[PDB]
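Participant: Submitted below is the structure of interest, expressed as structure tokens.
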Amino acid sequence: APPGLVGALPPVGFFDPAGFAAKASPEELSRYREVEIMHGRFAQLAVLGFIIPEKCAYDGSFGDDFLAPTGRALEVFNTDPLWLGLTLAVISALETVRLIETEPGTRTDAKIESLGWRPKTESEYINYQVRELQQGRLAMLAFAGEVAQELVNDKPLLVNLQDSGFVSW
Amino acid sequence: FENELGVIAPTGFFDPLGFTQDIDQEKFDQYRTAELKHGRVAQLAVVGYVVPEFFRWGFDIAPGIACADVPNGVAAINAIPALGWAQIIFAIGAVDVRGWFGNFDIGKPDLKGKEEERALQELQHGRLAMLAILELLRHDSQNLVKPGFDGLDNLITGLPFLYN
Amino acid sequence: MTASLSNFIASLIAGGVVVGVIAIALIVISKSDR
Amino acid sequence: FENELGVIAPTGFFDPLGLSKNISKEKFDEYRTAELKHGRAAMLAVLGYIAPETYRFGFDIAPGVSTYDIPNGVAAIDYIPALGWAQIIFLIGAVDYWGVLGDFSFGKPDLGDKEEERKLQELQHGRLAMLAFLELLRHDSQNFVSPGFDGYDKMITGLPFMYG
Amino acid sequence: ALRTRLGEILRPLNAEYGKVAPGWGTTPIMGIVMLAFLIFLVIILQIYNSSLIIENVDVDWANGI
Ligand code: CLA
Ligand SMILES: CC(=O)O[C@H]1CC(C)(C)C(=C=C/C(C)=C/C=C/C(C)=C/C=C/C=C(C)/C=C/C=C(\C)C(=O)C[C@@]23O[C@]2(C)C[C@@H](O)CC3(C)C)[C@](C)(O)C1
Ligand SMILES: CC1=C(C#C/C(C)=C/C=C/C(C)=C/C=C/C=C(C)/C=C/C=C(C)/C=C/[C@@]23O[C@]2(C)C[C@@H](O)CC3(C)C)C(C)(C)C[C@H](O)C1
């Protein structure tokens with residue numbers, strides 16, 4: 001069914017119930033894959049960002065005002081809004097650098113070849129691409145869930161776990 | 001080295017961080033020896049954690065002490081005199097390097113046909129036991145440094161029948 | 001993490017965005033004007 | 001084997017019990033390796049049984065114990081906790097089997113036209129040091145069991161000026 | 001000219017001269033490190049200036065004795 005995209009794994013297979021990777025063009029599928037990779041990268045970072053500041057609030061490690069009322073990371077919109085604005089601005093600037101340099105079709109290769117490590121063979125690479133994609137998918141789901149849950153009952157993740165009797169700490 | 005005992009589903013060849021990239025057969029043989037020995041030790045260690053929870057020997061390790069008073073987990077490395085621990089260590093070493101009270105020919109059965117399958121099974125069990133021994137060590141040591149810190153009481157938390 | 005520390009790190013980010021916008025402007029022109 | 005290194009004038013070839021007849025050169029290599037290692041360790045012993053009698057380092061070996069109070073000799077063992085002893089034993093082994101922290105090439109000199117004379121000096125010193133350690137252990141242990149035995153209450157009896 | 005014994009020992013240290021890596025080498029790490037050093041310096045300067053107030057750090061004479 002698929003056209004050679006490195007994705008697709010044993011748990012399910014080629015997951016495409018709605019029929020999008022048959023009604024698209026050769027360039028459209030490339031853009032879809034890029035969209036996937038990028039969303040995943042951001043998400044993964046955002047999940048780690050939700051976890052660590054919130055925990056540092058739970059452990060009294062940043063003072064008694066860090067995420068003041070509850071401890072939710074969605075509370076930065078109340079305490080320090082301009083900091084969040086400037087951070088989104090810096091992200092936007094570096095991503096404008098991306099949009100300028102990278103050309104249509106790439107938009108994912110940061111040319112970070114020597115600055116980091118990489119698998120030496122070729123099969124392992126295919127595996128690492130599949131991994132990046134899978135971690136990104138799981139992170140997308142996790143971020144959506146965290147945001148929805150916190151907007152439902154204003155309460156941090158670890159505390160929502162502690163209450164309601166889902167952990168043992 | 002993509003075809004050597006240890007390749008089993010789901011993960012075909014689990015060398016993600018490129019360790020078998022540029023190595024000769026000697027180094028991979030050393031790695032396999034370390035893996036097999038580690039696995040065997042881990043399996044014996046897990047069995048050792050479980051069994052003293054419902055049975056203790058009838059002798060008296062160390063001058064006093066007695067085998068039925070010693071704590072069960074990460075402790076008992078500080079409740080047995082150091083000389084006895086050193087002697088046990090060196091005896092295990094004698095069995096390890098010299099291979100002494102550990103090579104009896106009645107210990108190498110004729111695995112008619114099934115040799116590779118049984119080698120693969122032994123390696124896989126070693127892997128599982130290595131992870132299990134890590135979990136047991138973490139739970140015990142953490143709940144020893146600060147009683148609690150996990151909520152889960154008891155040392156072998158998982159088999160509640162032993163009431164421990 | 002007091003008010004002073006938050007303001008300090010936010011100032012660091014403001015410096016970052018200023019340098020970033022200057023660099024982005026330089027990259028755009030320099031290229032479109034070989 | 002009556003021409004290999006290790007023959008001096010008092011007792012030229014020492015082998016009364018015939019422990020080196022019919023052996024292959026591989027073994028005699030292993031035997032010489034054991035002799036050299038034991039000799040070096042015995043020298044370091046006969047030097048570590050003396051130094052603490054007038055100079056204790058100062059640090060804390062374990063969380064509560066101080067190397068200012070632990071008695072010297074076959075008594076310090078049961079003071080340092082068994083985990084610390086083990087953590088040492090394994091590091092000494094790391095230096096002994098994998099040859100780490102002990103193979104720095106600038107420690108191996110070029111004895112030139114003396115490499116057959118300094119090796120013999122090393123071996124003979126080791127032979128003497130082994131017997132010295134035997135005597136020190138005898139005195140130490142015999143008095144640690146029954147205090148006052150042999151009458152010479154001190155440790156390094158032969159060096160009275162130290163005030164053992 | 002006048003090879004001395006010391007000179008023989010120290011020769012390898014000065015042996016290679018003018019050797020260089022091509023193509024920007026490890027310059028970006030130098031940039032990262034310089035920036036982090038600048039951040040550290042402004043942190044220290046603003047703490048000492050009392051322009052950055054942190055819990056448990058009072059810039060005043062204390063009783064060490
Ligand atoms: C004096 C006794 C003795 C001797 C001579 C040997 C000899 C050997 N062992 Mg060995 N071993 C012993 C006791 C001994 N063992 C005991 C009691 C255990 C625990 C079951 C093991 C577990 C063991 C494993 C798992 C492996 C060896 C390996 C080896 C071989 C070389 C590596 C080595 O020992 O350097 C030691 C070098 C080190 C760097 C030591 C590592 C220290 C670890 C990481 C942490 C130490 C934790 C702490 C100090 C000990 C707590 C446990 C203790 C209280 C029981 C060699 C044949 C290795 C092998 O066959 O080839 C690779 C190998 O993989 N041994
Ligand atoms: C820099 C350079 O030069 O080279 C670089 C190149 C390159 C490639 C960038 C490098 C890399 C790789 C990197 C950085 C890889 C990073 C990968 C990363 C960071 C992957 C995160 C996954 C997180 C997940 C899946 C979250 C799960 C979370 C899940 C599934 C949850 O359930 C969360 C949860 O909330 C729910 C939803 C409900 C809550 O009630 C309960 C909890 C809280 C449990 C290197 C090695 O750095 C070198
Ligand atoms: C330093 C220190 C410690 C220590 C220690 C250590 C490691 C001490 C080590 C002691 C050690 C290593 C003692 C070896 C003796 C070997 C001997 C005597 C060999 C004799 C061999 C003899 C006498 C002769 C043999 C033969 O002549 C025969 C019989 C016939 C001939 O044909 C052949 C030859 C010539 C070979 C403690 C205790 C751990 C704690 C303390 O706090 C600090």
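Here's how to read the names in the structure tokens: chain A, B, ... by the order shown, residue numbers from 1 in each chain, ligand numbers from 1 in the order shown.
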Write out as CSV a residue-level contact list of chain B versus ligand 1 with cut-off 8 Å: for each qualifying residue the closest pair of atoms and the distance in Å to one decimal, counting only C-alpha atoms and all ligand atoms, rows sorted by chain and residue number upward.
Facilitator:
```
residue,atom,partner,partner_atom_place_in_ligand_line,distance
B:30,CA,ligand 1,62 (C),6.0
B:31,CA,ligand 1,62 (C),6.7
B:33,CA,ligand 1,60 (O),5.6
B:34,CA,ligand 1,64 (O),3.4
B:35,CA,ligand 1,64 (O),6.5
B:36,CA,ligand 1,64 (O),7.8
B:37,CA,ligand 1,25 (C),5.3
B:38,CA,ligand 1,25 (C),4.1
B:39,CA,ligand 1,25 (C),7.8
B:41,CA,ligand 1,20 (C),5.3
B:77,CA,ligand 1,54 (C),6.3
B:85,CA,ligand 1,54 (C),7.5
B:86,CA,ligand 1,1 (C),7.9
B:88,CA,ligand 1,17 (C),7.2
B:89,CA,ligand 1,17 (C),4.4
B:90,CA,ligand 1,1 (C),4.0
B:91,CA,ligand 1,2 (C),6.6
B:92,CA,ligand 1,13 (C),5.2
B:93,CA,ligand 1,3 (C),3.2
B:94,CA,ligand 1,5 (C),6.5
B:96,CA,ligand 1,57 (C),5.7
B:97,CA,ligand 1,57 (C),4.5
```
Participant: Can you check which residues of chain E have any atom within 12 Å of chain A? Use only C-alpha atoms and format it as number ranges by chain.
Facilitator: E: 23-29, 54-56
Participant: Restricting it to N, CA, C and O atoms, dump the selection as a compact mmCIF listing (two decimals), in the first residue's frame.
Facilitator:
```
# COMPACT_ATOMS: atom_id res chain seq x y z
N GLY E 23 38.62 24.55 7.52
CA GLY E 23 37.18 24.69 7.46
C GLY E 23 36.47 24.91 8.78
O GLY E 23 35.67 24.07 9.20
N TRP E 24 36.79 26.01 9.46
CA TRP E 24 36.07 26.50 10.63
C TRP E 24 36.25 25.61 11.86
O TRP E 24 35.83 26.00 12.96
N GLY E 25 36.88 24.45 11.70
CA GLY E 25 37.17 23.55 12.80
C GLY E 25 36.08 23.43 13.84
O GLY E 25 34.95 23.02 13.54
N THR E 26 36.41 23.80 15.08
CA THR E 26 35.49 23.76 16.20
C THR E 26 35.08 25.16 16.66
O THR E 26 34.84 25.38 17.85
N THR E 27 35.02 26.11 15.73
CA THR E 27 34.62 27.47 16.08
C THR E 27 33.24 27.57 16.72
O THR E 27 33.09 28.34 17.69
N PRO E 28 32.20 26.88 16.24
CA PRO E 28 30.88 27.03 16.88
C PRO E 28 30.88 26.66 18.36
O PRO E 28 30.14 27.27 19.13
N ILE E 29 31.69 25.68 18.77
CA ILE E 29 31.81 25.40 20.20
C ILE E 29 32.43 26.58 20.93
O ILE E 29 32.02 26.92 22.05
N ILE E 54 18.52 37.00 44.77
CA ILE E 54 18.28 35.56 44.83
C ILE E 54 18.10 35.16 46.28
O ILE E 54 18.84 35.64 47.16
N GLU E 55 17.24 34.21 46.55
CA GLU E 55 17.09 33.73 47.91
C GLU E 55 18.40 33.22 48.46
O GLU E 55 19.22 32.69 47.71
N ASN E 56 18.61 33.38 49.75
CA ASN E 56 19.82 32.86 50.41
C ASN E 56 21.14 33.45 49.94
O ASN E 56 22.18 32.83 50.13
```
Participant: Please extract the residues at most 8 Å from ligand 2, counting only C-alpha atoms and all ligand atoms, and provide them as a count of residues only, using the chain letters and residue numbers of this document.
Facilitator: 33
Participant: Rounded to one decimal, what separation in Å do you get between CA of residue 154 in chain D and CA of residue 58 in chain D?
Facilitator: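 Distance between the two atoms: 22.7 Å.
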Participant: Once you count only C-alpha atoms and all ligand atoms, which residues end up within 8 Å of ligand 3, and could you hand them over as a PyMOL selection string?
Facilitator: chain D and resi 14-20+38-39+41-42+44-49+72-77+127+130-131+133-134+137
Participant: Would you save the residues from that selection as a PDB file, in the first residue's frame, using N, CA and C atoms?
Facilitator:
```
ATOM      1  N   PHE D  14      66.501 -24.147  43.557  1.00  0.00           N
ATOM      2  CA  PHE D  14      65.664 -24.516  44.694  1.00  0.00           C
ATOM      3  C   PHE D  14      64.438 -25.243  44.167  1.00  0.00           C
ATOM      4  N   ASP D  15      64.433 -26.559  44.317  1.00  0.00           N
ATOM      5  CA  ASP D  15      63.272 -27.364  43.975  1.00  0.00           C
ATOM      6  C   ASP D  15      63.336 -28.691  44.721  1.00  0.00           C
ATOM      7  N   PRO D  16      63.288 -28.679  46.056  1.00  0.00           N
ATOM      8  CA  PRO D  16      63.462 -29.944  46.793  1.00  0.00           C
ATOM      9  C   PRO D  16      62.367 -30.957  46.514  1.00  0.00           C
ATOM     10  N   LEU D  17      61.108 -30.533  46.547  1.00  0.00           N
ATOM     11  CA  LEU D  17      59.987 -31.452  46.411  1.00  0.00           C
ATOM     12  C   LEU D  17      59.718 -31.857  44.969  1.00  0.00           C
ATOM     13  N   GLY D  18      60.528 -31.395  44.022  1.00  0.00           N
ATOM     14  CA  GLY D  18      60.327 -31.753  42.628  1.00  0.00           C
ATOM     15  C   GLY D  18      59.041 -31.222  42.038  1.00  0.00           C
ATOM     16  N   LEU D  19      58.667 -29.990  42.379  1.00  0.00           N
ATOM     17  CA  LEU D  19      57.428 -29.407  41.883  1.00  0.00           C
ATOM     18  C   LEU D  19      57.548 -28.853  40.470  1.00  0.00           C
ATOM     19  N   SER D  20      58.744 -28.853  39.877  1.00  0.00           N
ATOM     20  CA  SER D  20      58.936 -28.293  38.543  1.00  0.00           C
ATOM     21  C   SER D  20      59.596 -29.293  37.603  1.00  0.00           C
ATOM     22  N   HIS D  38      52.965 -12.552  43.790  1.00  0.00           N
ATOM     23  CA  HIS D  38      52.968 -12.745  45.233  1.00  0.00           C
ATOM     24  C   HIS D  38      54.084 -11.945  45.887  1.00  0.00           C
ATOM     25  N   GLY D  39      55.263 -11.906  45.264  1.00  0.00           N
ATOM     26  CA  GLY D  39      56.368 -11.163  45.847  1.00  0.00           C
ATOM     27  C   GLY D  39      56.098  -9.674  45.920  1.00  0.00           C
ATOM     28  N   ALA D  41      53.111  -8.227  45.994  1.00  0.00           N
ATOM     29  CA  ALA D  41      52.072  -8.023  46.998  1.00  0.00           C
ATOM     30  C   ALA D  41      52.634  -8.159  48.409  1.00  0.00           C
ATOM     31  N   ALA D  42      53.566  -9.089  48.614  1.00  0.00           N
ATOM     32  CA  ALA D  42      54.134  -9.294  49.941  1.00  0.00           C
ATOM     33  C   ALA D  42      55.032  -8.136  50.343  1.00  0.00           C
ATOM     34  N   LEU D  44      54.506  -5.021  49.362  1.00  0.00           N
ATOM     35  CA  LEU D  44      53.557  -3.976  49.729  1.00  0.00           C
ATOM     36  C   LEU D  44      52.906  -4.261  51.076  1.00  0.00           C
ATOM     37  N   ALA D  45      52.726  -5.534  51.423  1.00  0.00           N
ATOM     38  CA  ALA D  45      52.218  -5.874  52.749  1.00  0.00           C
ATOM     39  C   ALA D  45      53.221  -5.489  53.830  1.00  0.00           C
ATOM     40  N   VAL D  46      54.423  -6.064  53.781  1.00  0.00           N
ATOM     41  CA  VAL D  46      55.459  -5.801  54.776  1.00  0.00           C
ATOM     42  C   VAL D  46      55.752  -4.305  54.875  1.00  0.00           C
ATOM     43  N   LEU D  47      55.300  -3.525  53.894  1.00  0.00           N
ATOM     44  CA  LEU D  47      55.353  -2.073  54.037  1.00  0.00           C
ATOM     45  C   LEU D  47      54.057  -1.444  54.538  1.00  0.00           C
ATOM     46  N   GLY D  48      52.916  -2.119  54.399  1.00  0.00           N
ATOM     47  CA  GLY D  48      51.662  -1.606  54.917  1.00  0.00           C
ATOM     48  C   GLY D  48      51.325  -2.028  56.326  1.00  0.00           C
ATOM     49  N   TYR D  49      52.052  -3.009  56.848  1.00  0.00           N
ATOM     50  CA  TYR D  49      51.963  -3.401  58.249  1.00  0.00           C
ATOM     51  C   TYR D  49      52.774  -2.496  59.160  1.00  0.00           C
ATOM     52  N   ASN D  72      45.430  -1.576  63.301  1.00  0.00           N
ATOM     53  CA  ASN D  72      46.211  -2.068  62.174  1.00  0.00           C
ATOM     54  C   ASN D  72      46.353  -3.585  62.233  1.00  0.00           C
ATOM     55  N   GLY D  73      46.477  -4.198  61.055  1.00  0.00           N
ATOM     56  CA  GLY D  73      46.673  -5.629  60.943  1.00  0.00           C
ATOM     57  C   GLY D  73      45.391  -6.397  60.739  1.00  0.00           C
ATOM     58  N   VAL D  74      45.415  -7.679  61.142  1.00  0.00           N
ATOM     59  CA  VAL D  74      44.241  -8.509  60.919  1.00  0.00           C
ATOM     60  C   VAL D  74      43.281  -8.095  62.016  1.00  0.00           C
ATOM     61  N   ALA D  75      42.800  -6.858  61.920  1.00  0.00           N
ATOM     62  CA  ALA D  75      41.714  -6.378  62.747  1.00  0.00           C
ATOM     63  C   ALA D  75      40.969  -5.276  62.007  1.00  0.00           C
ATOM     64  N   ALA D  76      41.698  -4.558  61.140  1.00  0.00           N
ATOM     65  CA  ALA D  76      41.088  -3.499  60.350  1.00  0.00           C
ATOM     66  C   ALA D  76      40.042  -4.073  59.413  1.00  0.00           C
ATOM     67  N   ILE D  77      40.222  -5.335  59.016  1.00  0.00           N
ATOM     68  CA  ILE D  77      39.297  -5.997  58.103  1.00  0.00           C
ATOM     69  C   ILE D  77      37.871  -5.876  58.618  1.00  0.00           C
ATOM     70  N   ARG D 127      60.872 -12.954  47.345  1.00  0.00           N
ATOM     71  CA  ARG D 127      61.012 -14.174  48.121  1.00  0.00           C
ATOM     72  C   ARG D 127      61.231 -13.868  49.594  1.00  0.00           C
ATOM     73  N   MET D 130      57.884 -12.363  51.159  1.00  0.00           N
ATOM     74  CA  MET D 130      56.822 -13.325  51.441  1.00  0.00           C
ATOM     75  C   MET D 130      56.990 -13.909  52.840  1.00  0.00           C
ATOM     76  N   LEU D 131      58.212 -14.325  53.182  1.00  0.00           N
ATOM     77  CA  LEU D 131      58.465 -14.873  54.512  1.00  0.00           C
ATOM     78  C   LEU D 131      58.284 -13.809  55.586  1.00  0.00           C
ATOM     79  N   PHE D 133      56.151 -11.342  55.480  1.00  0.00           N
ATOM     80  CA  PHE D 133      54.712 -11.235  55.679  1.00  0.00           C
ATOM     81  C   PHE D 133      54.176 -12.424  56.459  1.00  0.00           C
ATOM     82  N   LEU D 134      54.707 -13.618  56.195  1.00  0.00           N
ATOM     83  CA  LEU D 134      54.291 -14.789  56.961  1.00  0.00           C
ATOM     84  C   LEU D 134      54.514 -14.567  58.450  1.00  0.00           C
ATOM     85  N   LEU D 137      52.114 -11.797  59.852  1.00  0.00           N
ATOM     86  CA  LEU D 137      50.776 -12.347  60.003  1.00  0.00           C
ATOM     87  C   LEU D 137      50.703 -13.287  61.196  1.00  0.00           C
TER      88      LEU D 137
END
```
Participant: List the neighbours of residue 76 in chain A out to 12 Å using only C-alpha atoms; skip same-chain residues closer than 5 positions along the sequence, and give me the result as number ranges by chain.
Facilitator: A: 50, 53-54, 65-71, 81-85, 87; C: 6
Participant: If you keep C-alpha atoms, can you produce a file of those selected residues as a compact mmCIF listing (two decimals), in the first residue's frame?
Facilitator:
```
# COMPACT_ATOMS: atom_id res chain seq x y z
CA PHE A 50 5.71 20.24 30.61
CA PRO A 53 9.07 22.68 35.27
CA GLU A 54 5.93 21.16 36.80
CA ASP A 65 5.97 31.30 43.36
CA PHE A 66 7.04 29.19 40.35
CA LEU A 67 3.69 28.49 38.64
CA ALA A 68 2.00 30.20 41.56
CA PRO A 69 -1.71 29.30 41.97
CA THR A 70 -1.75 25.61 40.99
CA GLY A 71 1.52 24.52 39.38
CA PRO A 81 3.27 36.61 29.90
CA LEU A 82 5.87 38.82 28.21
CA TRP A 83 8.52 36.16 28.80
CA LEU A 84 6.40 33.67 26.86
CA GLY A 85 5.85 36.26 24.13
CA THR A 87 10.28 33.21 23.67
CA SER C 6 12.62 35.90 35.68
```
Participant: Find the residues of chain E that sit at most 9 Å from chain C; for each, write down the nearest two atoms and how far apart they are in Å, to one decimal. Count only C-alpha atoms. Sort by chain, then by number going up, and give it as CSV.
Facilitator:
```
residue,atom,partner,partner_atom,distance
E:39,CA,C:12,CA,8.3
E:43,CA,C:8,CA,8.5
E:51,CA,C:4,CA,7.8
E:52,CA,C:4,CA,5.4
E:53,CA,C:4,CA,5.9
E:54,CA,C:2,CA,6.6
E:55,CA,C:2,CA,7.7
```
